[PDB]
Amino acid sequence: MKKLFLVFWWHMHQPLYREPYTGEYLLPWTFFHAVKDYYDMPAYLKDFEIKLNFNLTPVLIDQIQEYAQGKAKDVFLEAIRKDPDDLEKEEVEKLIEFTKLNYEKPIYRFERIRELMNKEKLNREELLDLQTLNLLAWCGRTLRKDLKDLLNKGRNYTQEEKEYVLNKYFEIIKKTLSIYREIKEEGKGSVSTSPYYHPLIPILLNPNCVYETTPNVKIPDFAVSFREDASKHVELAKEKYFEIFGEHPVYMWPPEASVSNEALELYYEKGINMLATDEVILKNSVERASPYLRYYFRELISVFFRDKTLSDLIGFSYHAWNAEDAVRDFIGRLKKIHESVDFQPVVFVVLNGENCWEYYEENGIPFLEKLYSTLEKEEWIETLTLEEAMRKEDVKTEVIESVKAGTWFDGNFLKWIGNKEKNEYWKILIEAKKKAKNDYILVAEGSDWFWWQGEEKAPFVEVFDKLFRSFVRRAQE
């Protein structure tokens, strides 16, 4: 019977928050997304008889390992752990600002949070609740079962109960890499990786590729070559992945879905057999093309183009829908795809796996449980591992010879280069590369630093600048 082949590929990444001179983690986001998403997203595979795939960047793996070993010195978590009597004013301020930053998210819907944010001054017990409810807001699906007492309590937390939550949270972190190994060993999902620090490979290989989609921009003089670094990002990622999973990775997620003819050749030369990228790149590159085929770039490497609509539905729209209606809508779209082709379509749903859930009611758990429970029971839908997608015989395929370089942001590079502020970071990087002495220059090549550059309304955005500049400084020493 004619199946629809469905492929989820959840991308997990954090830039390095660990400042190199102090060793301090200047932002807590790796901790909070580890305890909330990085274990719990693959742990859905314990309860639902489907396949789900994951990408982990090596720089994220490094940080998970440091927290699991108890070695991460996290400045914001220190303000959470302390007895409020020991908090400095600056730490209380950071606590309030962090809460206000997250205040409108449904995972922060505690009545006690509302009371605390309307009080003009907080005493010790009120600050204990503020600290503990910030922790509990980030609680993942697994511990929502075991901490139900504390969660329904909702207020009047003790220092000892807060330390108990912290202990359970670190237990989740300690099990996180093991669950990825486990679902891989069990055949329930493939795990991929990306070039080590999530750089923009097409720019490192050939900055002129930005002109293919945006010819009216100016970019700085790349007076030194980054081509060898692009190679090192891929090679070091392969080595880290082997250490964790015991194989060389044959699938990679290109950061920001970013490809070019040169980048595809590099992935081929490094032994990658398959990657995915964005539908906008497909439409920019091939006339009349469908994203439901397996493509062979120059007969060198396999490429899938994600279904942008389905991926954007989960990432941008469904957070505001009733979970039941969202799942029924999603199935109805898969039905239309299935009825619309006479071959068996391959549908790639690819997006970040940790950022959208905080905007869903109950951290996305009603939505994903309903979605996965429905998918495991649809006999005309077969969810696939990446390995199954690449080896399946009864799929339609097409050879293509050229792509227009781009990313999944509008098919171009303008969110990372081309304006005055963003170009300033590239100029800093270029001049530092000329004098670089160690691999901290590779850290500074990560895309996150250039993404935030120019952003002036984001609280904590100065922290990303402090990190970038520290890595650039350390690279030259």
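One-based numbering along the sequence shown.
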Which is higher on average in the deposited entry, the C-alpha temperature factors of 437 to 445 or of 31 to 39? 437 to 445
Which is higher on mean Cα B factor in this entry, 63 to 71 or 48 to 56? 63 to 71
Using the entry's values, work out which of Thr193, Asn363, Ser402, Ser258 has the largest Cα B factor. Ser402
From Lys240, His198, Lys184, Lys392, pick the one with the largest CA B-factor in the entry? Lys392
Within-chain third of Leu313 by Cα B-factor, per the entry: lowest
Please rank the C-alpha B-factors of the chain's modelled residues and tell me whether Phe460 sits in the lowest, middle or highest third. highest
How does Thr397 rank on Cα B-factor within its chain, lowest, middle or highest third? highest
Record-listed C-alpha B factor of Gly406: chain third: lowest
Where does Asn355 sit by CA temperature factor within its chain: lowest, middle or highest third? lowest
